[PDB]
Amino acid sequence: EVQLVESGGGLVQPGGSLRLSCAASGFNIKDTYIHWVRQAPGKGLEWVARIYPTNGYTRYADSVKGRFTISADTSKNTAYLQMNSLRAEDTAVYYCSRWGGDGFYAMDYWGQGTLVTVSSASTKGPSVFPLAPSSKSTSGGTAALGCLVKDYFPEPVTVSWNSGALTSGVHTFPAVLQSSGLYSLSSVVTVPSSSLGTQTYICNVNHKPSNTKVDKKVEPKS
Amino acid sequence: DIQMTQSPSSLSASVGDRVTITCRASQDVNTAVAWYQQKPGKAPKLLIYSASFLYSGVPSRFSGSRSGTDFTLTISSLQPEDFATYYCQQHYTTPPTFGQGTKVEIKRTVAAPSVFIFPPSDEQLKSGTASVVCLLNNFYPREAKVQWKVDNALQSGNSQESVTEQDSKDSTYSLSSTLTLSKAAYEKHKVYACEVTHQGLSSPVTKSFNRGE
Ligand SMILES: *C(=O)CCCC[C@@H]1SC[C@@H]2NC(=O)N[C@@H]21
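A.B. asks: Would you mind showing me how to read the domain arrangement of chain A here?
C.D. replies: Interface size is commonly expressed as the accessible surface area that is lost when the partners come together. Residues and elements named next belong to chain A. One can read the domain layout of chain A as domain 1 (1-120) and domain 2 (121-222). At the interface, 5 residues of domain 1 touch 6 residues of domain 2. For the domain 1 and domain 2 pair, buried surface summed over both sides reaches about 390 Å², with 65% attributable to carbon and sulfur atoms. Applying the counting criterion to the domain 1 and domain 2 interface returns 1 residue pair in polar contact. Along the lines of polarity and charge, the residues of the side of domain 1 that touches domain 2 split into 2 nonpolar, 3 polar and no charged.

What follows is the structure in structure tokens.
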């Protein structure tokens, strides 16, 4: 089966350079056009560039013309996007896609995308604080508890409960950017009130960009 | 540059309803138009190619049609998994251009939220900041009003909301509202309350705690 796999994204300073790659499998990029398409956080899709790897001919969107270079190496079945003079406007998920070819000009296969964040802000791991279940939780009913994952940069963070054993009733909220310029989110779960004080609830927080891993026990306050 | 003007920006429909999304090309693009579905956190997925042809693996409820410069995506029977943003695209000329997208959500019966309030942890207070969290769990519709009261004084400019994506199982939403205060302000006041207004609630619901009790 055809697959496209992007790599090379990350956090980069404004004015810097970054090279993305797109490795193709299950087909040969000589037979197709390869594209980059990007999506800024919360925005629509925007085509960036295309290449025909057999002759190397390229086309660019006006917003990246002169700053970005698309290229390909048919002997590696891989395409590249060299990004230079990066601006905050360039922050986006970058997708690789292809045209089907042979008269087919829709984008039938896409990669999962690679996130590029252009910012002068340093990495920072989150602090994790308990959202302790209320002592007024209705006896024999349903109680809520959670974790507050505060003050981290950049995105993303992942949260699980009891190392994946607890999934039903979990809501991990989309992060919000605080006025400080750091992200924050909460993860909550509803559980039977009878389970409080006996069942253990641990949120597992992973912030790969800062290599931060925190397991936080959430229990009723004494 | 050919423009693709997509309407509506968003829509809500019940399971089994017929949904119509339209796009007007600024000039003739023949049938060089494709439709894509994008679910949260995922890459776009091709639904329709050459204006009217169903792509691989796409359920038969999806179809596309063309009349002149008017392009229409139809979902004949909306399903809960169809919650997504839909995009048209022309590829008649370079650059290929996308429509602005249509956000589709599922309309279901009204469900009132279950409301919970959380005080700041002692560990956070040691850092000098206090976060108070109000949770609205598993409700519909998404619209809700959450107001913070500190010693019966309405708060403004110090809270942020976040909303989950629509649930795949029961088509509901959950919402958090987070109040941020300094440690000194948090220790001066006593009564912390979040007041919730929603169509599923006959009267507003208030959850509150007294600091230290
Ligand atoms: C400072 O900003 C005013 C603090 C008001 C606190 C109020 S006064 C009445 C309530 N009882 C109490 O002990 N604190 C609350």
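A.B. asks: Sorry if this is basic, but what is going on with the interface of chain A and chain B here?
C.D. replies: With 42 residues of chain A at the contact, the number on the chain B side is 38 residues. Between chain A and chain B, a total of about 3,300 Å² is buried, with carbon and sulfur atoms accounting for 65% of that surface. The largest contributions to the chain A side of the interface with chain B come from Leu45(A), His171(A) and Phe173(A), which together make up 18% of the buried area. The interface formed by chain A and chain B holds 1 salt bridge in total. In this structure, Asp122(B) and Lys221(A) form a salt bridge, with 3.2 Å as the shortest nitrogen-oxygen distance.

A.B. asks: Hey, could you run me through the layout of surface pockets in this one?
C.D. replies: Rolling a probe over the atoms, with the probe sized like a water molecule, indicates the empty space that remains. Size it by volume and the second largest pocket reaches roughly 1,100 Å³. Lining of the second largest pocket is provided by 37 residues; of these, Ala132(A), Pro133(A), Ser134(A), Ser135(A) and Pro119(B) occupy positions nearest its centre. Contributing elements (two or more residues each) for the lining of the second largest pocket: β13 (142-152) and β19 (212-218) of chain A together with β12 (114-118), α1 (122-125) and β19 (205-210) of chain B. For the lining of the second largest pocket, the element with the highest residue contribution is β12(B), accounting for 5 residues.

A.B. asks: Explain the sheet that holds β19(A) to me, please; I cannot follow it from the model alone.
C.D. replies: Adjacent strands of a sheet form backbone hydrogen bonds with each other and so pair up, either parallel or antiparallel. All names here are of chain A. Strand order across the open sheet formed by 3 strands is β14-β18-β19, with antiparallel pairing between neighbours. Strands at the two margins of the open sheet, each flanked by one partner only, are β14 (158-161) and β19. The average angle at which neighbouring strand axes cross in this sheet is 20°, direction not considered. Bridging between β14 and strand β18 (residues 201-207) involves 4 bridges; their strand directions are antiparallel. Pairing of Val159 across the sheet is with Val205, part of β18.

Cut-offs used in this document
Residues numbered from 1 in each chain as written, not as in the entry; some residues may be left out. Chains lettered and ligands numbered in written order. Heavy atoms only, no water. Domains from an automatic or database assignment. Contact = heavy atoms within 4.5 Å. Buried area = accessible area lost by both parts, 1.4 Å probe. Polar contact = N/O pair within 3.5 Å; in protein donor to acceptor, adjacent residues only side chain to side chain. Nonpolar A, V, L, I, M, F, W, Y, C, P; charged D, E, K, R; others polar. Salt bridge = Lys/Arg side-chain N within 4 Å of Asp/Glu carboxyl O. 1 Å grid on protein atoms, 1.4 Å probe; cavity = no way out; pocket = protein on both sides within 12 Å on 5 of 7 lines; lining within 4 Å. Points joined across faces, edges and corners; volume = space filled by probe spheres on them. Helix = DSSP H or I, 4+ residues; strand = E, 2+ residues; numbered from the N terminus. Pairing = 2+ DSSP bridges. Axes fitted to C-alpha atoms, helices over the stretch in contact; angles between N-to-C directions.

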